[PDB]
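So this first bit is one chain, no partners, the form deposited in one PDB entry, shown in structure tokens.
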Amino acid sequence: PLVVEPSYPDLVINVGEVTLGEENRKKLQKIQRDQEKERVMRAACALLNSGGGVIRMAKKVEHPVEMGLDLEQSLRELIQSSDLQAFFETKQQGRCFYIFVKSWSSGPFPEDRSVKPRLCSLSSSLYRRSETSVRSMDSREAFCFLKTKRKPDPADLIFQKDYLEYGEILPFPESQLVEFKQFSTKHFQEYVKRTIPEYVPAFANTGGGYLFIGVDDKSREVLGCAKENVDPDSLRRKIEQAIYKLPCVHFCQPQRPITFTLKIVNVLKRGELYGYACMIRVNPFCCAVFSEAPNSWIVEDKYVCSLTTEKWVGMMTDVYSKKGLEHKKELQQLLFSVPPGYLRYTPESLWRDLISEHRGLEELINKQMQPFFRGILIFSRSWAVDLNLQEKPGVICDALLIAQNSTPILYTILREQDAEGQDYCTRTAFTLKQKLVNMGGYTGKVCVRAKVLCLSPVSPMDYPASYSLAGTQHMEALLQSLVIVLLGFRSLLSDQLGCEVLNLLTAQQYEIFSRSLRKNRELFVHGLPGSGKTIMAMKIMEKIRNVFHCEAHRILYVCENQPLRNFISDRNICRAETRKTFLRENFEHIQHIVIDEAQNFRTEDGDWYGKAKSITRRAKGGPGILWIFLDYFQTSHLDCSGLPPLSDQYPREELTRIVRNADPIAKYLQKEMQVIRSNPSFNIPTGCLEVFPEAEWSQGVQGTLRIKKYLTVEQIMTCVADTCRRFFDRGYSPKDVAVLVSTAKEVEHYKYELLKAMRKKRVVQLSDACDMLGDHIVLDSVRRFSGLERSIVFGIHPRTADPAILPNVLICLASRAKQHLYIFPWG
């Protein structure tokens, strides 16, 4: 049999002894030549259908030889092209001959999904009547045939007869619908058995036709087979069983069997019976009829296996991340930008951590990277875990090199030499390559070379020169496939990519939303939880500056909360102030005003709404911009806010698509908003909450949502410390974490008890929400964090004085977390 050799970072099939050279292969018998050809073609088909690999065959001579014309032609028939170089490249060393196979189709969503077939095959086993001949459908023909089937006569005059005269001349030739057959007397019955499988499917697949057995092909005479040698009823049984044995597939209901008419008619000579003529009429079949199982091969687990008929049809007709697929080029430019003239190390934070922790690692890597002038080196604690494999103790780190004039190399750094190290690195490189093709959709020639290194002071297969990354185009295509693969697993780089995907989604929505600036002066923007409301507000202020040509200090932003204004003010895109500062101080020189989280405002201090109306109207270039962002789902008190009635808040723009939280958090927000819909506060006008998230919208970003009820305070706080330490080990920064509690009065207690457990985990700085620019964790209340967001958020013990306010708290909490959310409720 054929089995993949496991010691390699690639699929490598050993086919054994093969005779190579056309002169040598001409001296073989037909049987042995065909058997060696079949082994090699099974291997090449399997590697084409499974992401590529290497065929290894032992050659019986020492000197370089050519492949042989018959093997060449079989490879050409496999790829349906004379361009062998595109998929097959051969090397030979000593007594070893290697063929390097590229994948046929790469990824779940190739560009050519409707253009080229999913699989290569040795044969499709689909036959078509092609005028007077029967021909087998190549992969492209069969692809088109099934793609068509999936969508939602004088001969009959002869067939109607109940007897035939011996020597009768039929008045029609063989044609698209007619086929005449004659057989020798002794073998007639076995010849019929072998005939049915090749002509019945061809008629069924094409439009039907008549198969006349007992008619001379050339003269069209009726001859039949002698009575003594044929039993009509046994013949009928045999033919019918052969016909029903044919494998049929369906794309419809009802899935009825092949329909045909079988007639065994009498052949009369001089008025006496001589023999029997068999006539089959084959109606056109609704779907595809195979003569047998297709001859297509794939690698699964470790065995080269043959696809079944149904699996083959499924593949020939029909976590993957489409947001990654769509944004791959932008994401690659952001994270894995290829430097022009030096080797880049990423992530820089993880690299610095590793070099600080381990002595001599810097020198080791620098010495190992001398040959590679340009490219990128991507580090990790364990690429194995990054790919959902098992971790190996003793692995300092893994690094993936993607440099010019080199193949991809996966380095594994060990503290001390190990026997299992090379196996671990090989498994990791093999998985990485298979993902780069089968998930990342890479269509080039790719290999990952596994290389173990030891910090304490089988040969590698040589690939053709076409497997080396020759420059920017290849490196960028491979890094975009790497982006798409990383977005399918949980890891530091997959989390950075997910954050950038969220940013790109927000930018799309903002481009849709910013077209209203030229159309409005007064606007009430009703956002939903996690709709980017604040990001739109900032980008709108920038757009106002650019369009109206007014200086930044002429644009004003008003919010309820000090942390939020602090955050907005540090942008230097406008003047930012609070409701109280706004109501107190004078702003006559201000032309444009933006107001956010207005539903949290209060009427105690004064009529901020009227003040802003006046300030904006008295602007010189007509009335200025007065945009009031608000979200009633995130209300923070039962009092009135000073907003005009719901019927007065016009014109309106609604931000309904969730673009700021990953998929789990978004689903949680969607579910939880129904509680607020069920019981809203009385300060909320009734009809406002009848805004619903877009049903067709998803973020396509992975995240973590964990509910950890039934725990005590010290357990919560130790768990938080453990999780933060794990993230910091994986490479996250503290400035990606925030801890949110019910009220600002409990902030001091929870800070103390968090530092009590953090002093065991090597970070001793917790900051309030009023500072967000330093590299430290943020602890604060849910409410004081309104308008801010962090990648990882710890939600501790929701609590408020009034039931009428409690329902909001879960939404106002979960909406603060971009990717990872941990909830610790009371119980």
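For clarity, a rigid core is taken as the largest C-alpha set superposing within 1.5 Å between two forms. Numbers for residues come from their place in the sequence shown, where the first is 1.
There is another form of the same protein, the form deposited in another entry; it is not shown, and what comes next is about it.
Chemist: Superpose on the core and compare between this form and the one not shown; which one of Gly360, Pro371, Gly271, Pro645 crosses the 2 Å Cα shift mark?
Modeler: That would be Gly271.
Chemist: Core-aligned, is the CA shift for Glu748 between this form and the one not shown 2 angstroms or more?
Modeler: It does not reach a 2 Å shift.
Chemist: Once everything's superposed on the core, is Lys186 shifted 2 Å or more at the Cα between this form and the one not shown?
Modeler: Shift of 2 Å or more: yes.
Chemist: Does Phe159 move its CA by 2 angstroms or more between this form and the one not shown when the core is aligned?
Modeler: Shift at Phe159: 2 Å or more after core fit.
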